[PDB]
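1. generate coordinates for the sequence data below:
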Amino acid sequence: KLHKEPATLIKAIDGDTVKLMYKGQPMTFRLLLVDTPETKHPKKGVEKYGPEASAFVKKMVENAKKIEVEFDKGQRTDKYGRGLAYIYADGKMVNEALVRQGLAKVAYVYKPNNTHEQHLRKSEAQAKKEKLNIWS
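-> Numbers count the residues shown, from 1 in each chain. The protein structure is shown below:
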């Protein structure tokens, strides 16, 4: 099954990306399965709810006692060299938290990197139902 490994915050970079110290090396991590509005959009620049989504994972990871990373069963890095993972702050999955708050959508999914897909999609259905943020 999947397993969680410890990491240390280096810097939150955007709503969907954080830099961590992982096994003694600085690495950039892309949050698996979520698309967030971005502040660093390659074309768009700063989208609606981008600052808010980015402020939320900053707070969450900067105020955590314990950060853990959980790789999925497929590829662990994307084509830009970023780790592909579920990130946890004190036991709470940052990826699900963003979706639950209406600050991210579930991304297009690539098997077999889809272990928590159903879980995330349920949280997204709920944020939609509650008309939160991006769904308002």
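2. where's residue 132 relative to residue 126, distance?
-> Going from residue 132 to residue 126 by Cβ to Cβ, to the nearest Å gives 9 Å. Where you see a C-beta, it was placed from the backbone N, CA and C, and this is true even at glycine.
3. residue 22 contacts residue 83, doesn't it?
-> Yes: contact criterion Cβ atoms under 8 Å: residue 22 and residue 83 qualify, at 6.9 Å.
4. higher neighbour count, these two?
-> For residue 22 and residue 83, the more surrounded residue by other Cβ atoms under 10 Å is residue 83, and the numbers stand at 22 against 19.
5. quick one: residues contacting that one.
-> Taking Cβ atoms under 8 Å, 6 or more residues apart in numbering as the criterion, residue 83 is in contact with 20, 22, 27, 28, 29, 30, 69, 71, 76, 77.
6. 10 Å instead, please
-> Applying Cβ atoms under 10 Å, 6 or more residues apart in numbering, we find residue 83 in contact with 7, 17-20, 22, 27-32, 69, 71, 76-77.
7. again with residue 82
-> When contacts are counted by Cβ under 10 Å, 6+ apart, residue 82 touches 16, 17, 18, 19, 27, 28, 29, 30, 31, 76.
8. need phi/psi at the fourth one.
-> In terms of degrees, to the nearest 10, the main-chain angles of residue 19 are phi -100, psi 130.
9. what's the first-to-last distance across stretch 101-116?
-> End-to-end span of stretch 101-116 (Cα to Cα, to the nearest Å): 17 Å.
10. now it: buried residues?
-> Across stretch 101-116, burial judged by 16 or more other Cβ atoms under 10 Å covers 101, 102, 103, 104, 105, 106, 107, 113, 115, 116.
11. tell me, what's touching residue 132 and residue 126 both at once?
-> With Cβ under 10 Å, 6+ apart, residue 132 and residue 126 have common neighbours 100, 102.
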